[PDB]
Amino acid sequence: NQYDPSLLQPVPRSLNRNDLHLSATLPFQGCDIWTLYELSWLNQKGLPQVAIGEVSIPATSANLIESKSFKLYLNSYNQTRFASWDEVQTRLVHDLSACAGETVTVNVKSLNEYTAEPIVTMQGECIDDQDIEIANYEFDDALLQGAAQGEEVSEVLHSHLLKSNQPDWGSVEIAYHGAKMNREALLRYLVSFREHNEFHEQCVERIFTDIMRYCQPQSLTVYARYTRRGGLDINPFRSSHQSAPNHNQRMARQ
């Protein structure tokens, strides 16, 4: 099967946001950064081309794009001849923007651009090394109740323990300014996502809205980077004060 933009499946963002009981206007801004590790097509002469794509979808887009459908859409490029790399990037912008409902940004880079590019970790302190027992993996947001009692602080915390539903795996970076967060509670909360079902996008939005309503920080940023499924990974960034992360560099599991 060749190029087929109708393979893309929009999912209205409002659908699962309704269950976060949001306000009229969004409490956050941000974007979903997708890495397309498998991007490949044929040039005009039938010679395969390979590239890595990077896509940025604004969090204000009416829809997100269902990842399997994104994967299938990309696969439809595989056996398709395009006259150039510019054409490929342009069609990607067109189709993805059409689907999302807002202009999407797309970078199509040759593999060579990645040579020597670092695997990175996240900012701040990892909260994952704690001596605690967890017997119960059921999602409990109330785990955050009275979570930030501390001194007013600006800090960045991260965790590699985000898991969801076969399993999805992710790391999450939480930067905030407010009463200092209890690290055990935060860890327990994050771990409680383990058995639970939502899109990565929806999960980041849940974590943001839960932290905001329980811990009431002055400013908050929640940024997760998930390992790829079907050659694509999703990296939702949601912030009270900030538009996007500085770069797309991959983490160890990605």
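The first residue of the sequence shown is number 1, and the count goes up from there.
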When you step from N165 to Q166 in this entry, do you jump over none, 1 to 3, 4 to 9, or 10 or more residues of the deposited sequence that have no coordinates?
4 to 9
When mean C-alpha B-factors in the record are compared for 110-118 and 131-139, the larger belongs to 131-139
Between 64-72 and 23-31 (mean CA B-factor, as deposited), the higher
23-31
Out of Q149, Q79, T105, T90, whose C-alpha atom has the biggest B factor in the entry?
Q149
Looking at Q9, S239, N18, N235, which has the highest Cα B-factor in the entry?
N18
Lowest, middle or highest third: which one holds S84 when the chain's residues are ordered by CA B-factor from the entry?
lowest
Chain thirds by Cα B factor, record data; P58 belongs to the middle
Would the CA B-factor of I207 place it in the lowest, middle or highest third of its chain?
middle
Taking the values exactly as deposited, rank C215 by C-alpha B-factor within its chain and report the matching third: lowest, middle or highest.
highest
Ordered by C-alpha B-factor within the chain, which third holds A100? Give me lowest, middle or highest, please.
lowest
